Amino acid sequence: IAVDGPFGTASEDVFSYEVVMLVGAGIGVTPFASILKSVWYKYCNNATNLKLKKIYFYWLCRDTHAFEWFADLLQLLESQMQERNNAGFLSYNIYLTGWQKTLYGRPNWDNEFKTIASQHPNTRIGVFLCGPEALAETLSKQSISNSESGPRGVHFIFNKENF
């Protein structure tokens, strides 16, 4: 059993939230490949657990060919989802940082958290990451700064995972 596999801790944590923000940068996108596959499998066969309803995926990429296989995986998943009546389950943004649209540059995280927040009031959002320690700081800060103690407040819970 792998942490990034169907019965791994990371996969279980991801499935415990109604909505999640998954961020994978560079080689850090690799674990998410197995996680996305397992989540799609569970969604189609796991009657006993129906918690996860929405995935916001962020891919920070420098070399587009090095992980060409990951892009194909995203299209594959996206296709299967549109098929079995579930397009909208996954929304992904790809950022080419070398210098479902693909953008050049890095995201404005403050803007991203606000948008997601406004779309899911009174929701506990799990935030996950596999990438540079700095990006972890940013996500942590944003997660806290964008959460609200109010009744309709949104909660961004950054989950540490041992990839």
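Numbering starts at 1 and runs along the sequence shown.
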Please classify the unmodelled stretch of the deposited sequence between residue 69 and residue 70: none, 1 to 3, 4 to 9, or 10 or more residues. none
Tell me which stretch, 89-97 or 76-84, has the higher mean Cα B-factor listed in the entry. 76-84
Of 143-151 and 7-15, the stretch whose C-alpha atoms average the higher B-factor in the entry: 143-151
In the PDB entry, which of 53, 37, 124, 65 has its C-alpha at the highest B-factor? 65
Where the record places residue 43 (Cα B-factor, split into thirds across the chain): highest
Ranked against its chain, the third holding the CA B-factor of residue 29: middle
Where the record places residue 130 (Cα B-factor, split into thirds across the chain): middle
Pull the Cα B-factor of residue 136 out of the PDB entry and bin it into the chain's lowest, middle or highest third. highest
